[PDB]
file work_3.cif (mmCIF, C-alpha atoms)
data_work
loop_
_atom_site.group_PDB
_atom_site.id
_atom_site.type_symbol
_atom_site.label_atom_id
_atom_site.label_comp_id
_atom_site.auth_asym_id
_atom_site.auth_seq_id
_atom_site.Cartn_x
_atom_site.Cartn_y
_atom_site.Cartn_z
ATOM 1 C CA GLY A 223 0.000 0.000 0.000
ATOM 2 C CA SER A 224 2.403 2.675 -1.203
ATOM 3 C CA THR A 225 2.351 5.472 -3.775
ATOM 4 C CA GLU A 226 3.344 4.858 -7.381
ATOM 5 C CA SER A 227 5.242 8.103 -7.792
ATOM 6 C CA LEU A 228 8.572 6.680 -8.900
ATOM 7 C CA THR A 229 10.653 9.355 -10.598
ATOM 8 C CA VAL A 230 14.331 10.167 -11.069
ATOM 9 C CA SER A 231 16.345 13.375 -11.285
ATOM 10 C CA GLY A 232 19.468 13.859 -13.355
ATOM 11 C CA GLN A 233 20.130 12.959 -16.963
ATOM 12 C CA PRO A 234 21.492 9.504 -17.785
ATOM 13 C CA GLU A 235 23.058 9.632 -21.226
ATOM 14 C CA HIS A 236 26.063 8.088 -22.890
ATOM 15 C CA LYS A 237 27.033 8.121 -26.519
ATOM 16 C CA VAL A 238 28.652 5.472 -28.686
ATOM 17 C CA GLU A 239 32.349 6.118 -28.167
ATOM 18 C CA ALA A 240 34.754 5.568 -31.040
ATOM 19 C CA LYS A 241 37.702 4.854 -28.772
ATOM 20 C CA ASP A 242 38.543 5.041 -25.066
ATOM 21 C CA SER A 243 41.695 6.056 -23.184
ATOM 22 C CA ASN A 244 43.575 3.118 -24.740
ATOM 23 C CA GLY A 245 42.285 4.174 -28.149
ATOM 24 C CA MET A 246 40.299 1.012 -28.809
ATOM 25 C CA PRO A 247 36.641 0.688 -29.996
ATOM 26 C CA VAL A 248 34.155 1.115 -27.154
ATOM 27 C CA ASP A 249 30.699 -0.247 -26.534
ATOM 28 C CA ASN A 250 29.547 2.290 -23.938
ATOM 29 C CA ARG A 251 27.511 1.115 -20.955
ATOM 30 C CA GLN A 252 25.803 2.094 -17.684
ATOM 31 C CA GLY A 253 23.951 5.234 -16.649
ATOM 32 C CA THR A 254 23.963 6.781 -13.190
ATOM 33 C CA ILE A 255 20.744 8.297 -11.866
ATOM 34 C CA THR A 256 19.753 10.062 -8.645
ATOM 35 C CA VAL A 257 16.391 8.549 -7.917
ATOM 36 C CA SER A 258 13.265 10.106 -6.495
ATOM 37 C CA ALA A 259 11.907 6.573 -6.448
ATOM 38 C CA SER A 260 11.738 3.429 -4.334
ATOM 39 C CA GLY A 261 15.177 3.365 -2.748
ATOM 40 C CA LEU A 262 16.712 0.824 -5.078
ATOM 41 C CA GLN A 263 19.553 -1.620 -4.551
ATOM 42 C CA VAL A 264 21.569 -3.844 -6.886
ATOM 43 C CA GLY A 265 19.492 -6.514 -8.629
ATOM 44 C CA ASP A 266 16.318 -4.752 -9.811
ATOM 45 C CA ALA A 267 14.798 -4.658 -13.278
ATOM 46 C CA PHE A 268 12.536 -1.838 -14.407
ATOM 47 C CA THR A 269 11.156 0.110 -17.340
ATOM 48 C CA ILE A 270 11.419 3.885 -17.699
ATOM 49 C CA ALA A 271 8.814 6.231 -19.189
ATOM 50 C CA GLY A 272 9.885 7.367 -22.641
ATOM 51 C CA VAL A 273 12.537 4.713 -23.127
ATOM 52 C CA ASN A 274 11.243 2.481 -25.931
ATOM 53 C CA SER A 275 13.324 -0.404 -27.253
ATOM 54 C CA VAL A 276 14.114 -0.963 -30.900
ATOM 55 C CA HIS A 277 15.207 -3.712 -33.329
ATOM 56 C CA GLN A 278 13.351 -6.410 -31.519
ATOM 57 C CA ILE A 279 12.461 -7.915 -34.885
ATOM 58 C CA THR A 280 15.407 -6.908 -37.119
ATOM 59 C CA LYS A 281 15.525 -3.099 -36.769
ATOM 60 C CA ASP A 282 11.822 -3.171 -35.920
ATOM 61 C CA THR A 283 10.640 -0.329 -33.701
ATOM 62 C CA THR A 284 7.822 -1.517 -31.499
ATOM 63 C CA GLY A 285 7.733 1.051 -28.698
ATOM 64 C CA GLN A 286 8.136 -1.643 -26.048
ATOM 65 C CA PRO A 287 9.539 -0.260 -22.746
ATOM 66 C CA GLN A 288 13.203 -1.141 -22.229
ATOM 67 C CA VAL A 289 14.009 -3.170 -19.114
ATOM 68 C CA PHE A 290 17.078 -2.213 -17.085
ATOM 69 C CA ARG A 291 19.217 -4.036 -14.565
ATOM 70 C CA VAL A 292 20.967 -2.548 -11.571
ATOM 71 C CA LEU A 293 24.735 -2.963 -11.312
ATOM 72 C CA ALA A 294 25.578 -0.651 -8.414
ATOM 73 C CA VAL A 295 23.794 1.697 -6.028
ATOM 74 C CA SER A 296 25.429 4.348 -3.876
ATOM 75 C CA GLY A 297 22.725 5.885 -1.749
ATOM 76 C CA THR A 298 20.093 7.155 -4.141
ATOM 77 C CA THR A 299 22.569 6.968 -7.009
ATOM 78 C CA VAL A 300 21.740 3.961 -9.161
ATOM 79 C CA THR A 301 24.072 2.749 -11.897
ATOM 80 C CA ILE A 302 21.887 0.994 -14.448
ATOM 81 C CA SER A 303 22.398 -1.016 -17.617
ATOM 82 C CA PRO A 304 21.800 -1.942 -20.391
ATOM 83 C CA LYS A 305 22.697 1.587 -21.439
ATOM 84 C CA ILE A 306 20.389 3.970 -23.300
ATOM 85 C CA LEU A 307 21.210 4.653 -26.965
ATOM 86 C CA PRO A 308 18.867 6.705 -29.232
ATOM 87 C CA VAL A 309 18.191 5.223 -32.687
ATOM 88 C CA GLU A 310 16.500 8.465 -33.684
ATOM 89 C CA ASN A 311 19.510 10.502 -32.556
ATOM 90 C CA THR A 312 23.158 9.720 -31.630
ATOM 91 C CA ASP A 313 24.555 9.791 -35.170
ATOM 92 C CA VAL A 314 23.586 8.565 -38.642
ATOM 93 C CA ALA A 315 26.160 5.768 -38.319
ATOM 94 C CA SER A 316 25.822 4.982 -34.614
ATOM 95 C CA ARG A 317 22.032 5.193 -34.268
ATOM 96 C CA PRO A 318 21.159 1.978 -36.326
ATOM 97 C CA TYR A 319 22.849 -0.141 -33.659
ATOM 98 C CA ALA A 320 21.263 1.747 -30.778
ATOM 99 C CA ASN A 321 18.914 0.019 -28.329
ATOM 100 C CA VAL A 322 16.124 2.588 -27.853
ATOM 101 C CA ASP A 323 14.336 5.256 -29.902
ATOM 102 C CA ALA A 324 15.584 8.096 -27.711
ATOM 103 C CA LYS A 325 17.085 9.146 -24.413
ATOM 104 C CA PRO A 326 14.258 11.026 -22.623
ATOM 105 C CA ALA A 327 14.492 14.289 -20.706
ATOM 106 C CA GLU A 328 16.003 13.847 -17.226
ATOM 107 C CA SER A 329 15.446 10.287 -16.015
ATOM 108 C CA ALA A 330 11.617 10.312 -15.865
ATOM 109 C CA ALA A 331 9.202 7.889 -14.203
ATOM 110 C CA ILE A 332 10.032 4.264 -13.491
ATOM 111 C CA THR A 333 8.084 1.020 -13.331
ATOM 112 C CA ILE A 334 9.971 -1.113 -10.805
ATOM 113 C CA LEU A 335 10.005 -4.903 -10.948
ATOM 114 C CA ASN A 336 11.615 -7.349 -8.558
ATOM 115 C CA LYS A 337 11.366 -10.122 -11.132
#

call {"tool": "encode", "arguments": {"input": "work_3.cif", "output": "C-alpha cells"}}
result
Amino acid sequence: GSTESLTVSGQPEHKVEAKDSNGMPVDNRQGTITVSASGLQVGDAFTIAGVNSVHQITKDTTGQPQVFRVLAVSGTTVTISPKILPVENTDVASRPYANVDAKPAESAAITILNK
C-alpha cells in the first residue's frame, strides 16, 4: 500500500564512443541516476517512461519499454544497464545499432520490478 510516484532526477546519457583512453573501440555502458523513487539496490529490473526499445524484430521499432538491470547503487545513485542509446539521434552511423528510440528528458518515471 504505497504510492506509485517513482521518478528520477538527473540525466542519464552516454554516446557510442569511437575509442577510449587506450584508443580502442568502445561499446559504452551504464547510466547513473539520482532517484526520487523506491530506494533501489543492486538486482532490480525496471522500465522507464519514454525509453522504448528498438530492433526487436530486425531493426523493428515496437515502442516496447526497455528493461534495465541494476549494477551498483550508492545511496540514491543507481548505476543501471543496459545503457540507453537513441536510434532516432546519436549519429547517422551509430544510431542503427542503438537500443532505444531516444534518451528522454532527465530520467523520468520508473516502473519497478523485482522479477

call {"tool": "residues_around", "arguments": {"input": "work_3.cif", "residues": "residue 290 in chain A", "least_positions_apart": "3", "cutoff": "8 Å", "atoms": "all atoms listed in the file", "output": "PyMOL selection string"}}
result
chain A and resi 266-269+302-304

call {"tool": "atom_distance", "arguments": {"input": "work_3.cif", "atom1": "CA of residue 313 in chain A", "atom2": "CA of residue 254 in chain A"}}
result
22.2 Å

call {"tool": "atom_distance", "arguments": {"input": "work_3.cif", "atom1": "CA of residue 281 in chain A", "atom2": "CA of residue 238 in chain A"}}
result
17.6 Å

call {"tool": "closest_atom_pairs", "arguments": {"input": "work_3.cif", "of": "range 234-329 of chain A", "to": "range 223-227 of chain A", "cutoff": "12 Å", "atoms": "all atoms listed in the file", "output": "CSV"}}
result
residue,atom,partner,partner_atom,distance
A:257,CA,A:227,CA,11.2
A:258,CA,A:227,CA,8.4
A:259,CA,A:227,CA,7.0
A:260,CA,A:227,CA,8.7

call {"tool": "closest_residue", "arguments": {"input": "work_3.cif", "among": "A:288, A:256, A:250, A:229", "to": "residue 330 in chain A", "atoms": "only C-alpha atoms"}}
result
A:229

call {"tool": "closest_residue", "arguments": {"input": "work_3.cif", "among": "A:272, A:318, A:261, A:285", "to": "residue 297 in chain A", "atoms": "all atoms listed in the file"}}
result
A:261

call {"tool": "closest_residue", "arguments": {"input": "work_3.cif", "among": "A:314, A:332, A:289, A:294", "to": "residue 228 in chain A", "atoms": "all atoms listed in the file"}}
result
A:332

call {"tool": "residues_around", "arguments": {"input": "work_3.cif", "residues": "residue 307 in chain A", "least_positions_apart": "3", "cutoff": "7 Å", "atoms": "all atoms listed in the file", "output": "ChimeraX atom specification"}}
result
/A:237,320-322,324-325

call {"tool": "residues_around", "arguments": {"input": "work_3.cif", "residues": "residue 232 in chain A", "least_positions_apart": "6", "cutoff": "8 Å", "atoms": "all atoms listed in the file", "output": "PDB file with C-alpha atoms, in the frame of the given file"}}
result
ATOM      1  CA  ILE A 255      20.744   8.297 -11.866  1.00  0.00           C
ATOM      2  CA  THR A 256      19.753  10.062  -8.645  1.00  0.00           C
ATOM      3  CA  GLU A 328      16.003  13.847 -17.226  1.00  0.00           C
ATOM      4  CA  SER A 329      15.446  10.287 -16.015  1.00  0.00           C
TER       5      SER A 329
END

call {"tool": "closest_residue", "arguments": {"input": "work_3.cif", "among": "A:306, A:335, A:230, A:279", "to": "residue 265 in chain A", "atoms": "all atoms listed in the file"}}
result
A:335

call {"tool": "residues_around", "arguments": {"input": "work_3.cif", "residues": "residue 287 in chain A", "least_positions_apart": "2", "cutoff": "6 Å", "atoms": "only C-alpha atoms", "output": "list in words"}}
result
residues 269, 273, 274 and 275 of chain A
